[PDB]
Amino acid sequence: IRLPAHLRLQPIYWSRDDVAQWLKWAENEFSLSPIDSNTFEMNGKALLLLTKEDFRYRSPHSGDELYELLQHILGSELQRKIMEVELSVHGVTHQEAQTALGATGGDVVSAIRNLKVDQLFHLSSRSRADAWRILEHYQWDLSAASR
């Protein structure tokens, strides 16, 4: 298998042009059915949010192949969990999410909450338990940071 040079194996950083390059490469390297590049008008972050059915909607004949190819390029789930954390807490970066997820043992829910209490703790002299209490009381809504 010959990879397309100048295309890193980090799909979370792929541009729209990189997605088109990956599609063209995949169609030729795996002899797939013709893929209209106009059917994947998105960047790499968006590609990670598609389900296998979403791939099939765009390419009934080779969409699931492309999905499995993406899964193997990603390898041994974390990149998608990181995106879910980044989509749940304002101001959290890739590294902040990865640190929180590793602390919570892959738990997205606990990582989001630990990150939410961190942000709330960053604004008051209250103890972390008081921050954990207000957030548990307010159903884990960080928007209720009223003072």
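Don't overthink the numbering: it's just position in the shown sequence, from 1.
- request: With residue 76 and residue 77 adjacent in the shown sequence, let me know how many deposited residues between them lack coordinates: none, 1 to 3, 4 to 9, or 10 or more.
  value: The entry leaves 1 to 3 residues without coordinates here.
Residue range whose averaged C-alpha B-factor is higher in the record, 137-145 or 3-11: Comparing 3-11 with 137-145, the higher average CA B-factor belongs to 137-145.
field: Comparing 120-128 with 16-24, the one whose average Cα B-factor in the PDB entry is higher
entry: On average, C-alpha B-factors are higher across 120-128.
task: Among the candidates 86, 29, 107, 53, give the one with the maximum CA B-factor reported in the record.
output: Highest C-alpha B-factor among the listed residues goes to 107.
- request: Among 48, 101, 115, 69, single out the one with the highest C-alpha B factor in the record, please.
  value: Checking the PDB record, the top C-alpha B-factor among 48, 101, 115, 69 is at 101.
- request: Grab the CA temperature factor for residue 95 from the record and place it in the lowest, middle or highest third of its chain.
  value: CA B-factor rank for residue 95: highest third.
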